[PDB]
Every structure is written in structure tokens, then in C-alpha cells.
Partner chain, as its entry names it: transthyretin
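Take a look at this one chain, the form solved without the partner chain, written out in C-alpha cells.
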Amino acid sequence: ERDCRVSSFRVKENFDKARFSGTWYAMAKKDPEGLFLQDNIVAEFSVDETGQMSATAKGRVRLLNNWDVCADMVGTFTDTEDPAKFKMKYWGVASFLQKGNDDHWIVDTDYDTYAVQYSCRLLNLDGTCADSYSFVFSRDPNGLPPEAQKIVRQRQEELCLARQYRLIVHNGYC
């Protein structure tokens, strides 16, 4: 019945940059087109004294040569007039790691258990997203409570990304 246009997706009301600080463990993922981080993904969100948020992401990526680098990614976030929607500039500490600029939307979080991020890299002419990625973060390395799980699938369906996530392995590779 409802809207898959990106312009219509609801995000986190009055997103608190500081309450989202710290370690988030990626539990689930919806991959974009091309090369992306595979597994072992752990982000560290941070806010300095002026309200600027940054993050570091750690994760394993398989490069064409068939490398298995544990990428150390850095992202800085630019605020928009929506508190839960950011522009994220990112780069690897290694030169070979992918650099870019993506939207970063906090679709929902309760700050202490779960987060849902989304990024549409490209919009179709109808307003829907032709290439997106999404992550489901957990405060706990062992996942989400049945409770958090129900809300998170609700949100996935809302993002028109239901049934398009795969679980993330964490086996200490990095």
C-alpha cells in the first residue's frame, strides 16, 4: 500500500548526535551496487565539542586481486536541515580504499539497542532508489532482542528493503 519514494521515507525524529556516540555492531546489511564491506563490521560514532559527528568503520573487504584487507574507514558528517539526514564524506586510511560522499540517514534508533541506517546512492526517475545500502546496528555484539527485531523488520519493510538483508559474520578476522 505505501511509499517507496525516497523523499517520503520517515527518519529519526529529533536525532541526538551525542546519544548515538560509541560502538555499533553491524548485524544485518543490504549491499549497494559494486564493491562494499563484507563482514566483521563495527563502527565507532563520535561527536566533537562543536556538534560535528565523525565515525570510523572497521570491516573486511575483498579487493579484485582477492585481497582480504581489514579496511579502516573514516567518515565525517555534514548536517542538513533534517537532524537525522547527513552527507558523509569517507575515505580509507589506506590509499587504495574507497573514497566517496554518500547520504547517511538514521531511519530509527533507540540509542541503546538498535540503529537502522540507509543511503540511496541513486534515484530512479520515479523517485525510488535505484541503488541503496542499509545497515542494522546493535549495541550488543550478540544481536538484538526479539523486541528490537520486530521494530527493525517493520522499518525494513518501510524502506522497501524487506527480505533484502543478509546476516553479517563476526569471526575476529580484523
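Numbering follows the first chain given and starts at 1. Just so we're on the same page, rigid core means the largest C-alpha set that superposes within 1.5 Å between forms.
- Comparing the two stretches 101 to 109 and 65 to 73 by root mean square C-alpha distance in 8 other deposited structures of this protein, with all structures fitted on the core, the more displaced one is 65 to 73.
- Root-mean-square C-alpha deviation from the shown form, taken over all structures in 8 other deposited structures of this protein superposed by the rigid core, is larger for 34 to 42 than for the alternative among 129 to 137 and 34 to 42.
- If you average the C-alpha B-factors over 86 to 94 and over 67 to 75, the higher value belongs to 67 to 75.
- Look at the C-alpha B-factors of 135 to 143 and of 121 to 129. On average they run higher in 121 to 129.
- Sort the modelled residues of the chain by CA B factor and residue 18 lands in the highest third.
- In the deposited entry, the Cα temperature factor of residue 155 places it in the lowest third of its chain's modelled residues.
- Among the modelled residues of the chain, residue 174 sits in the highest third by CA temperature factor in this PDB entry.
- Residue 108: CA B factor lies in the lowest third for its chain, per the PDB record.
- Looking at the C-alpha B-factors along this chain, the one for residue 27 belongs to the middle third.
The following text describes the form deposited with the partner chain bound, which does not appear among the structures shown.
- Residues within 4.5 angstroms of the partner chain in the entry with it bound, judged by any non-hydrogen atom, belong to 65 to 73 and to none of the other stretches in 139 to 147, 108 to 116, 22 to 30, 65 to 73.
- In the entry with it bound, every residue of the candidate spot (89, 94 and 99) has a heavy atom lying within 4.5 Å of the partner chain.
- The partner chain is not drawn, but in the entry with it bound it has a heavy atom within 4.5 Å of residue 36.
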